[PDB]
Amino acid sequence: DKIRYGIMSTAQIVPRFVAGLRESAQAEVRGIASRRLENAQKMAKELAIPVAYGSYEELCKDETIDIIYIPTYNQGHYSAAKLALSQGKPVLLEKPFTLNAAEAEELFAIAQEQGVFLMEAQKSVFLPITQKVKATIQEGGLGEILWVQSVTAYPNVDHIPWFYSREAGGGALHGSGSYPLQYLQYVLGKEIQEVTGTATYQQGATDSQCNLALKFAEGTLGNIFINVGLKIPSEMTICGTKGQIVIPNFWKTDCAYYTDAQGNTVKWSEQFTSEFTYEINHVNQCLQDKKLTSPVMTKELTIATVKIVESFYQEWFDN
């Protein structure tokens, strides 16, 4: 029974997520906070949330809330999430998890000393189609994988008013490098062993695009390409000695294409429920099993990622 969720903001993403909890298995949204109550209420009523707080401290002190979701702006994750973990309540922090590796680890540590769950929020790794790609790769399927690549391109970035600030959000890499690189490690069951790349960026700004070279734990190379400006499709391709899979919009896909060693390519089609519904369920389940961390979106994978992402922006905006 149960599982009431508290929301730490009025982030435009809040509703879709709330819709998600509703489509979820055993979870309901209880409590929503702000710094400005009227702001919270307005959405608290727009949606069907029943409690309200003009402060995050409040949302925390409350006990009618079991776990909190922090979909706030980037440089405020750390403080926001630190105000919960220290206070006892479990956290579902968003991407970027952190814009600083150290900040990332601490977060996990104090979360542990408090014996309270802590996971980064990634819709992709829990989709029904993603689960099958991983299934197939392990069970023979494509022979061994030698190379994987990802292409992500947004036409405009004018709906992200802070796109060109390093300290705030970031660039193409901050924007969407974690998902693809986390995802691959997951479907392959291998850890990123190497990574170096290039990128486009004027000074005192962010990178409009970047192209990452990759190496995995098992003889499989990879390429990640995030871009702004192009109008090409976003698709991931897994290539094995015996097969291939192409995944369109891997973070919200319901379908994928598998090609065999013979020429035959088929379409896998697992249908659109809710896009958020899947990770929420996983999380709920993690909680039932009194677990501090997720076995998929593990601690090391989350830390490891911010580390890489930050060494890159370090590499660029500094020196």
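One rule holds for the numbers: they count along the sequence shown, beginning at 1.
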- Of 270-278 vs 256-264, the stretch with the larger average CA B-factor in the entry is 270-278
- Item | Mean C-alpha B-factor comparison - 165-173 and 229-237, higher one | 165-173
- Item | Which of 70, 283, 292, 40 ranks first by CA B-factor in the deposited coordinates | 40
- Task: Consider only the C-alpha atoms of the modelled residues in this chain, order them by B-factor as the entry records it, and name the third containing residue 242: lowest, middle or highest.
- Result: lowest
- Query: Among the chain's modelled residues, which third holds the C-alpha B-factor of residue 215?
  - Reply: lowest
- Message: For the chain shown, is the CA B-factor of residue 206 in the lowest, middle or highest third of its modelled residues?
- Response: middle
- Would you please rank residue 144 by its C-alpha temperature factor against the other modelled residues of its chain and give the third it falls in: lowest, middle or highest? lowest
- Query: What third of its chain's C-alpha B-factors does residue 124 belong to: lowest, middle or highest?
  - Reply: middle
